[PDB]
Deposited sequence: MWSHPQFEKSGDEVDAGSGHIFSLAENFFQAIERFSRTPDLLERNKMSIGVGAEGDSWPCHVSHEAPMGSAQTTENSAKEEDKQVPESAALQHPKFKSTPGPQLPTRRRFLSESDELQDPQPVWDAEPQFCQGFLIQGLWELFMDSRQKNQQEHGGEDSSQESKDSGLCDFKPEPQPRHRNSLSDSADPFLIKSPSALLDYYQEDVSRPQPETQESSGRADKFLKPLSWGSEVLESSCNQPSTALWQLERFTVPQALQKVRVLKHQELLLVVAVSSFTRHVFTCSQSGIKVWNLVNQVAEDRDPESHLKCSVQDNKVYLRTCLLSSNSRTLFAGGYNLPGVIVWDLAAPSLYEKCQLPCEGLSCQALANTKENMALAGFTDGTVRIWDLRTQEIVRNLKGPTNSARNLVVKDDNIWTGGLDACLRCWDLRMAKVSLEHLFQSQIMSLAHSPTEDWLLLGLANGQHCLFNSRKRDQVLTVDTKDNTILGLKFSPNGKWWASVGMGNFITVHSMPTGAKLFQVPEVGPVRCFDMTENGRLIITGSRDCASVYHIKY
């Protein structure tokens, strides 16, 4: 049937507890000796029935110093030119760690410069370090909260600056956009960035020392970071600023009205308009080329030229609603997450699918390191760390 519970969530990916560390193996071996000293005082029959109808220990390499894995690269069918080798493409993802947040995850950030991981849920932000050699982690370096400030406040989004010195957070009932300082000897809140009666749901930072956000009612506000006064206000339709991309001098905005707008900061006026067949759920911009990537609600991946602005072109059609999108540091491949248990990778020139990795449930967010070595993906309440094999 294509009727109620029509083959929904029928399978289940039994996640492995992933013990493959030699040090842990030795520790467990030494530990069982105490138990055995204290103690003193399969397949059934596989007869004539088909089994194809669904109803030497291997150790993973550790993440040395929380930076690299120290292995050897895969072979290629042919050699590559110097320019050809300048850009590489992944081939597989190997899970190395699991971070145990205690609540439903909303946002993740990495900043591999300082080897940290920030996980943001609706109650607070947990900070983890990647140098802790453990199969699964359940004790963060810090746990920032803001609930005690007011009666009942929610957190929606968090942002990490490019130079890894400032953290931004925004939510529903807060009196502002909280700012934390990361380069100080102590982890403390610095500014407030007032936004009295609005829900943030989107944040962005600009290299000219300015911050900006796009609220639910369509308002896009810009603040000066060094003095915390409102610089500019822009207004659009409701539920039309759920995504926000900043470029050299333009703001690209997309939301649930299926319209892509381009605000110009000098004149504070809309310069472009475009319609789409479904709601825009994700936006991204390539770091090297002039391509804007749009992930629609009906499963379409669309590429748009941010300079020529000639026309859009659909590359790949996923089967599920896209929630997250990000480009590689060299702008040669992208990753996509959605509601369909899979993390997908696509190449740049044509959007051809490279590989997939199953997950336990709807994947809401993910992030990538600046050196293109790790991928953090948070599905239900745990953030999984993946090492990219080139």
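Of the deposited sequence, the ranges 1 to 109, 151 to 176, 191 to 219 have no C-alpha coordinates according to the record.
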